[PDB]
Amino acid sequence: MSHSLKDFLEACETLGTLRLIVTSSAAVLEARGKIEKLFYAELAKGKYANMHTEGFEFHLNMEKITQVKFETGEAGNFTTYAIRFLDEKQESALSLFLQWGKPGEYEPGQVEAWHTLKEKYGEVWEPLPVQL
Amino acid sequence: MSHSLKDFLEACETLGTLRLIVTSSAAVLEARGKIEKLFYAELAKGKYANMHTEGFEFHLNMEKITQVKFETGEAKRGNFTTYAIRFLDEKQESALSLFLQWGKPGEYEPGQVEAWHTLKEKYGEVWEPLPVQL
Ligand SMILES: [Zn+2]
Ligand SMILES: [Zn+2]
């Protein structure tokens, strides 16, 4: 399965509140927010998807993402729902988790929206070449 | 010279609102907030500095930082001066950058830039963490 990473990122707006996770060699930042109002720009280093919210800013070099995977886990006694954006080394450059309110209480239709994306794009898939 | 990374992170509370930047191989996340209410924990992979706010959670493996550098830069959009603290790993790559958070372009909080220079003078423009201890 091969799909547009741009289309997919925009489609993540349907997931409601997310926990966006980016990890370096030594740090982790886990930001709470909804994906929306994405803007794109091409630079020397890559073709970027970008977001500016009140609490945080986000940039994704779409050209470096080789595969996207859906994943569930266990937290409390409840299921977690994640989407991983993997790089050439098969390491997660970005992870998106559905964000609950009180522990395990997801937003109405949120878990459904996640399954809808997984069914539409597939369990694991590779992005098509990026064109801005 | 060498200093305690723990003491340094505690001292960062004096810098007011920061912009915490963590970069992976392909993504950048920037979160706005003061470095305050830090808590430490020893995990399997090492001693971590952490923060929990409503908007974000932050974790730093202190044992992986080999060098810390103060840098004044210039913003791409605005052409205004930026003030950063970069936490380098063993590859001399920034595992975390803390920027003074600007309001309007080049606008900082009262005493904030002076506080950055004071911290820089106290720790040095480039310094190395001591073996991590809480
Ligand atoms: Zn940015
Ligand atoms: Zn966390």
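Order of appearance sets the numbers: ligands from 1, and atoms from 1 within every ligand. Below, chain A is the first sequence line, B the second, and so on; all start at residue 1.
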**Q** So do B:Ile65 and B:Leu60 actually touch side chain to side chain, heavy atoms under 4.5 Å?
**A** yes
**Q** Using only N, O or S atoms, tell me which atom of A:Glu57 is closest to the Zn ion (ligand 1).
**A** OE2
**Q** Just so I know, are the side chains of B:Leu134 and B:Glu42 near enough to count as touching, which here means a heavy-atom distance under 4.5 Å?
**A** no
**Q** Under 2.8 Å from the Zn ion (ligand 2), is there any N, O or S atom belonging to B:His59?
**A** yes
**Q** Under 6.0 Å between ring centres, would you say that holds for A:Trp100 and A:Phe78?
**A** yes
**Q** Closest N/O/S atom of B:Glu30 to the Zn ion (ligand 1), by atom name?
**A** OE2
**Q** Could you tell me whether the side chain of A:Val28 reaches within less than 4.5 Å of the side chain of B:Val22, counting heavy atoms only?
**A** no
